[PDB]
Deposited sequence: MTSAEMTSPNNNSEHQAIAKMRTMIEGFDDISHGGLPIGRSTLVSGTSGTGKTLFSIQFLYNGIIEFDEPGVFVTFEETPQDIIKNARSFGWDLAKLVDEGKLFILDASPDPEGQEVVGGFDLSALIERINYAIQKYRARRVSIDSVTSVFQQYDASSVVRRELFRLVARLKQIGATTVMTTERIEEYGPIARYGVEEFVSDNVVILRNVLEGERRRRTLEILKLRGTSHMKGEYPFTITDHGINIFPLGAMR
């Protein structure tokens, strides 16, 4: 029957989303630079491992595994240990148009590590890396559709350049994803404020509009209203 959700245990998120992220579906998490997209994607995996012993695969296209690990120490998280224990796997897909080969490497890692959670950060970059903007819808669809067939629950980050403009970069990514989460970092009166919005969850309910959040030493904390 109806879609089930997995608790993210990210403070306030499971309230906003009426239970967590839809299982076996993809969630687009989109935001301007420094909005906390990587943090959200890491905290998803980390909580999966710590709260439910669900292994996670982190796919990176630019940042090195070592820097992902190093930056997570800002939040007191020891990702190197989780890697050593085989609970976390960071797949380095950085450079040295068709996503089929990558998709197969990712599927391979999911199977190998028995992963229930996957984060991909950021899919925007791989198309720009290889001047492939003409084929974004088709290739993103290929990736999302395969992850659905595998039954992976996935967070995929993407980039945007305006807080109240396009949801992502090419005006197609939100339509391909099952779920859309928008992180904003709005500048008004010389000051910033962070908000999180669940725009869409296909096949299930969620709270609407923007909710304040903070990034602290404990990662993301969202305040439902």
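Unmodelled regions of the deposited chain, listed from N- to C-terminal end, are 1-15, 112-120, 250-253.
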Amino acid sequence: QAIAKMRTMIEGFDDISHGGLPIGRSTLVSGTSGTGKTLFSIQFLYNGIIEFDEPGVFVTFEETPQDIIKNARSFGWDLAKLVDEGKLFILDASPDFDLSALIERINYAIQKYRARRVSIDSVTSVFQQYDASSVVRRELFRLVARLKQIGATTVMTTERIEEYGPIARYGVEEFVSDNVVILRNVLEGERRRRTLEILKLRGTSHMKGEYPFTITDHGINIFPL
From here on, numbers count along this sequence of modelled residues.
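Averaged over CA atoms, B-factors in the entry run higher in 103-111 than in the other of 151-159 and 103-111. When the mean C-alpha temperature factors of 163-171 and 31-39 are read from the deposited coordinates, 163-171 comes out higher. In the PDB entry, a CA B factor belonging to the lowest third of its chain's modelled residues is recorded for residue 179. When the modelled residues of the chain are ordered by C-alpha B-factor, residue 11 sits in the middle third. When the CA B factors of the chain's modelled residues are split into thirds, the value for residue 47 lands in the middle one.
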